[PDB]
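> my complex, first installment, coordinates as in the assembly:
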Amino acid sequence: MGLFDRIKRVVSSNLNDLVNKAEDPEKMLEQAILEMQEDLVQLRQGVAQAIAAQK
Amino acid sequence: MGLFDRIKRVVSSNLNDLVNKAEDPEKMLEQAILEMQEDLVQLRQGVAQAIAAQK
Amino acid sequence: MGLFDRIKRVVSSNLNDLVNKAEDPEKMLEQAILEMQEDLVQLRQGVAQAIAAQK
């Protein structure tokens, strides 16, 4: 495998150290949350619809 | 290394003797302190915020 | 080798006598020290991190 899979791993290591290096804990924490409450809307809607059908 | 690293060290020695030579103990002591109490403000603010969240 | 390696050695001798000649013991001593305590910071940081992980 070596001649290709090690190329993969080393280029991937460069890119993923770049990515992790370009990460401020505070701002990216601040953006950690906004995303979490996205599938929470669909949950509300589906609960509502099951309710309405049963009603 | 010599031909470049010794150029570096000697030019750096000229510059850092210039810098250290242009340094009066009293005035630069006087300016030693003003700086120290700069991250002390952020400390206050962060303590306050952790307080408020926990409250 | 002569026709090139001796060119190398003689031009290198001119340059390295110039470099060593342009060297005052006192100022360049003064600049000898500032550099030594540079990898001492990283040492502190690494000790701290190993500590934290083990903790």
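Cool, got the structure. Numbers count the residues shown, from 1 in each chain, chains lettered A, B, ... in the order given.

> How far does the helix ranked longest in chain A sit from its chain's centre?
The single longest helix within chain A, with elements called by DSSP state H, is helix A:2-21. For helix A:2-21, the distance from its own C-alpha centre to the chain's C-alpha centre is 20 Å (C-alpha atoms, centre = their mean, to the nearest Å).

> Just the element for the residue of chain A found nearest chain B, please.
Using C-beta to the nearest C-beta, the single residue of chain A nearest to chain B is residue A:26, 10.8 Å away. C-betas here are computed from N, CA, C, even on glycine. Taking DSSP states H and E as the definition, one finds residue A:26 inside helix A:25-36.

> Just give me the neighbour total for residue A:36.
The number of residues packed around residue A:36, counting by other C-beta atoms under 10 Å in any protein chain shown, is 8.

> That one: what's it in contact with?
Residue A:36 makes contact with no residue, according to C-beta atoms under 8 Å, 6 or more residues apart in numbering or on different chains.

> cool, the one 10 residues further on as well?
Applying C-beta under 8 Å, 6+ apart to residue A:46 gives no contacts.

> so how far is residue A:4 from it?
Between residue A:46 and residue A:4 the distance is 45 Å, computed by C-beta to C-beta, to the nearest Å.

> same check, this time on residue A:28
When distance is defined by C-beta to C-beta, residue A:28 is 33 Å away from residue A:4.

> As chain D, please add this:
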Amino acid sequence: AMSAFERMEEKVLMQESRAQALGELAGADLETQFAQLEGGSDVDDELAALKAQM
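Same chains as before, plus chain D:
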């Protein structure tokens, strides 16, 4: 979403422990515990003295 959440959990805990390492690294960790050991009964001793002062 929680992947970022928990990798960041580890992020912050690592930051706290790494910063706190500087303490025991420096030479004032055995002095603080000295003071705490020597004063642990002092607080109760002080309370007892105050009660006896009644």
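
> try the neighbour count of residue A:36 again now we have chain D.
For residue A:36, the tally of surrounding residues (other C-beta under 10 Å) stands at 12.

> repeat for residue D:14
14.

> so the helix or strand hosting it versus helix A:25-36, what angle?
With elements delineated by DSSP H and E, residue D:14 resides in helix D:2-25, which encompasses its position. In this structure, helix D:2-25 runs at an angle of 150 degrees to helix A:25-36, with axes from the mean of the first three to the mean of the last three C-alpha atoms, to 10 degrees as the basis.

> Could I get the CA-only coordinates of helix D:2-25 as CSV?
Output for helix D:2-25, consisting of C-alpha atoms alone and laid out as CSV, is shown next (Å, rounded to 0.1, in the frame of the first residue of the first chain):
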residue,chain,number,x,y,z
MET,D,2,-22.1,16.8,19.2
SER,D,3,-18.8,15.6,17.6
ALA,D,4,-17.7,19.2,17.5
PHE,D,5,-19.3,19.6,21.0
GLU,D,6,-17.2,16.9,22.6
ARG,D,7,-14.0,17.4,20.8
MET,D,8,-14.4,20.9,22.1
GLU,D,9,-15.2,19.6,25.6
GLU,D,10,-11.8,17.9,25.5
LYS,D,11,-10.4,21.2,24.0
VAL,D,12,-11.4,23.2,27.0
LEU,D,13,-10.5,20.7,29.7
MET,D,14,-7.1,20.3,28.0
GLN,D,15,-6.7,24.1,28.1
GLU,D,16,-7.6,24.3,31.8
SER,D,17,-5.2,21.5,32.8
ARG,D,18,-2.4,22.8,30.6
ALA,D,19,-2.6,26.2,32.1
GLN,D,20,-2.9,24.7,35.7
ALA,D,21,0.3,22.8,35.0
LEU,D,22,2.3,26.0,35.4
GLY,D,23,1.6,25.9,39.1
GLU,D,24,3.1,22.6,40.1
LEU,D,25,5.8,23.2,37.5
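
> with the structure above as the base, add chain E:
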Amino acid sequence: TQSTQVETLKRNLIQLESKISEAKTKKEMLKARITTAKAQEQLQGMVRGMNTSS
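Following on from the chains above, chain E is added here:
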């Protein structure tokens, strides 16, 4: 059975609402943590044994 199922659909919703609420509160605390970490790491290197600080 319609009612039986809507019941389990309502209880699950309550559970998940609770979970996300607790997640948010813990998140607030651990954002406070990093605020304090800013402070400490940026105000550290103050013992006489070291001068990592400028």
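
> now that chain E has been added, could you go back to the neighbour count of residue A:36?
Taking other C-beta under 10 Å as the criterion, the count of residues near residue A:36 is 16.

> quick one: the residue of chain D found nearest chain A from chain C, how far?
Nearest residue of chain D to chain A: residue D:1, at 4.8 Å (C-beta to the nearest C-beta). With distances defined as C-beta to the nearest C-beta, to the nearest Å, the gap from residue D:1 to chain C amounts to 27 Å.

> circling back to that earlier point, give me the helices and strands touching the longest helix of chain A, please.
Using 3 or more C-beta pairs under 8 Å, 6 or more residues apart in numbering or on different chains; DSSP states H and E as the contact definition, helix A:2-21 packs against no other helix or strand.

> distance between the host helix or strand of residue D:38 and the chain's centre?
Assigned by DSSP H and E, residue D:38 belongs to helix D:29-52. The offset between the C-alpha centroid of helix D:29-52 and the centroid of the whole chain comes to 16 Å, using C-alpha atoms, centre = their mean.

> Then stretch A:48-55?
On C-alpha atoms, centre = their mean, the centre of stretch A:48-55 falls 31 Å from that of its chain.

> Mind listing what's buried along it?
Of the residues in stretch A:48-55, residue A:50 count as buried by neighbour count, 16 or more other C-beta atoms under 10 Å in any protein chain shown.

> can you pull the alpha-carbon coordinates of that stretch into CSV?
Written as CSV, here are the backbone C-alpha positions of stretch A:48-55 (Å, rounded to 0.1, in the frame of the first residue of the first chain):
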residue,chain,number,x,y,z
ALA,A,48,-47.2,18.5,15.5
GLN,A,49,-48.1,16.5,12.4
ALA,A,50,-48.5,13.1,14.2
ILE,A,51,-50.6,15.0,16.7
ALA,A,52,-52.9,16.4,14.0
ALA,A,53,-53.3,13.1,12.2
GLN,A,54,-54.2,11.2,15.5
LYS,A,55,-56.6,14.1,16.3
